[PDB]
């Protein structure tokens, strides 16, 4: 594969951070300072004009986010994470739901018809992106060979509205739309090509 595809493989196989019921310390309207219940602090940026959380100091939030650079300890010993997007409310569903991924690879529908499970009412579109693409890389070989370097995912809501991303490029954080209610997702489909 070429270097940009290796960069995509690195990003989508580098894990993510999940924190629940973190506390907002400061919201600078495009960036947030948040205290996680393990004592770490997350500094999270929101580059999109369409998704800029407004939660104020003291409110609780959930994080399902990616790091942009290595976490560092301060002189006082506080651990600081540097993240992007992935901040939602703390509302939970009574039991988890699965978001099965319907996947086509080189025009052939895969028999693997499962997906990640979540008990949160709302997820950021970027979170859905990394969960989807992580499954595509791990299970379907996305970015692991020259024949699996592009395609798309598409979410269709119960009301017919859609969200989509091009697998040949990094997720479009700069135009990310606001988080969605996952219980109202109708289907998630993806196709891998090359």
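Positions refer to the first chain, counted from 1.
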query: Stretch exceeding the other in mean C-alpha B-factor - 79-87, 97-105; finding: 97-105
query: Between 132-140 and 154-162 (mean CA B-factor, as deposited), the higher; finding: 154-162
query: Candidate residues 48, 68, 64, 56, the one whose C-alpha B factor the record puts highest; finding: 56
query: Entry-reported Cα temperature factor of residue 149, expressed as the chain third it lands in; finding: highest
